[PDB]
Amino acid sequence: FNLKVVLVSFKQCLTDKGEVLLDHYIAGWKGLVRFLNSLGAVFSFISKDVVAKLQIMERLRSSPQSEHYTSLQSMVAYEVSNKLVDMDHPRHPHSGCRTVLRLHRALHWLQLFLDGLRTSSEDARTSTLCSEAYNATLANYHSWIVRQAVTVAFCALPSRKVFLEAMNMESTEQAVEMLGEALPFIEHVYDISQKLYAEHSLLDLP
């Protein structure tokens, strides 16, 4: 196992029509969770939640409706057109649309964090890299108590070297090189998803 193989799921999930394939999206996140877990327990407040939502998506994708959950685009077209998603402030609490929204937001945090990890000085402060990434993203969807608790938790995070080493590349430098190759794919998937959700007024699904 290694992070390069994991992030390549996000290159693979993209079609030449600009669609995001659900199956590779799930697999990329399954790998990211495995990575987060290899760094202790500081991330379980994100990781445990991410895993539960992935299970929700796998059940949708294995379902008799499987053809509809083939891509994020087809999911949205289907769930909206058949009124299967709660747009306001609830009859469908586990819809694909609202579930992927959380994965999407958490993915934004994970992308900025990994990119911060990549461009930083050697002995850079992990709690800091993470905290800037979080405040830019997930913090906008958490409560004061959560933001405060989480921000303190970041101080228990391993060193940058322990992070890069956890990526299981041949070397620390190679890991940094790998991130520069991979993140653009993660970002593109995020941008496509964000636009898709924006254009359908799904950015605040309950």
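For every residue, the number given is its place in the sequence shown, counted from 1.
So 162 to 170 or 22 to 30, which one's hotter by mean CA B-factor in the entry?
-> Mean C-alpha B-factor is greater for 162 to 170.
Which of the two stretches, 118 to 126 or 97 to 105, shows the higher mean Cα temperature factor in the record?
-> Looking at the recorded C-alpha B-factors, 118 to 126 comes out higher on average.
Have a look at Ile56, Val42, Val146, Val50 and flag the one whose Cα has the highest B-factor in the entry.
-> In the PDB entry, the greatest C-alpha B-factor among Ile56, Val42, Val146, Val50 is found at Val42.
So where's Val5 on the chain's Cα temperature factor ranking, which third?
-> Middle third, going by the recorded CA B-factors of the chain.
When the modelled residues of the chain are sorted by Cα temperature factor, does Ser131 land in the lowest, middle or highest third?
-> It belongs to the highest third of the chain when residues are ordered by C-alpha B-factor.
In terms of the CA temperature factor given in the entry, to which third of its chain does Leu110 belong: lowest, middle or highest?
-> It falls in the middle third of the chain.
Could you look up the Cα B-factor of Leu203 in the entry and say which third of the chain it sits in: lowest, middle or highest?
-> For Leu203, whose C-alpha B-factor we compare with every modelled residue in the chain, the answer is the lowest third.
Taking the chain's C-alpha temperature factors as the reference, tell me which third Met87 falls into: lowest, middle or highest.
-> It falls in the top third of the chain.
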